[PDB]
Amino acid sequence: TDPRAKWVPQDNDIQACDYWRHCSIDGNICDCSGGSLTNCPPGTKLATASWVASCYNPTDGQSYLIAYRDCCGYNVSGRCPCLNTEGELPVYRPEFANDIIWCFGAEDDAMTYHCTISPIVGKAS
């Protein structure tokens, strides 16, 4: 709530912007418009592109690579907006940059931003 305070992850509510996997999310949590933590809402198209972050999981003490993916082809959901930037690097290090609409690869050439999912892809290096 102090926006400028160090982000403090929790592993108890995926709809809240401090959920530990959302450490570098930008946009809207898909869980809030009919997707889930790791699936897209009906009607939208799942991008294959992603950007990543290493997010600390306060449940197990481990840091995980969260390779975000956008759900595309719908106007922005408008529900559960969040912007976190842990480890977020500027656009010239795109694999860690989150202002980019990472909708590439989405079916039907969908490129509009609807929300983002937060799947794990690895333990951090």
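Heads up: residue numbers just count along the shown sequence, starting at 1.
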Checklist outcome for this item: Higher avg CA temperature factor (7-15 vs 97-105, as deposited) belongs to 7-15
Item to check | Of the residues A67, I29, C71, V76, the one carrying the largest Cα B-factor as recorded | outcome: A67
Checklist outcome for this item: Quick tally, chain-level thirds of C-alpha B-factors: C55 sits in the highest
Next on the checklist: Ranking every modelled residue in this chain by its Cα temperature factor as given in the entry, which third contains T85?
Outcome noted: lowest
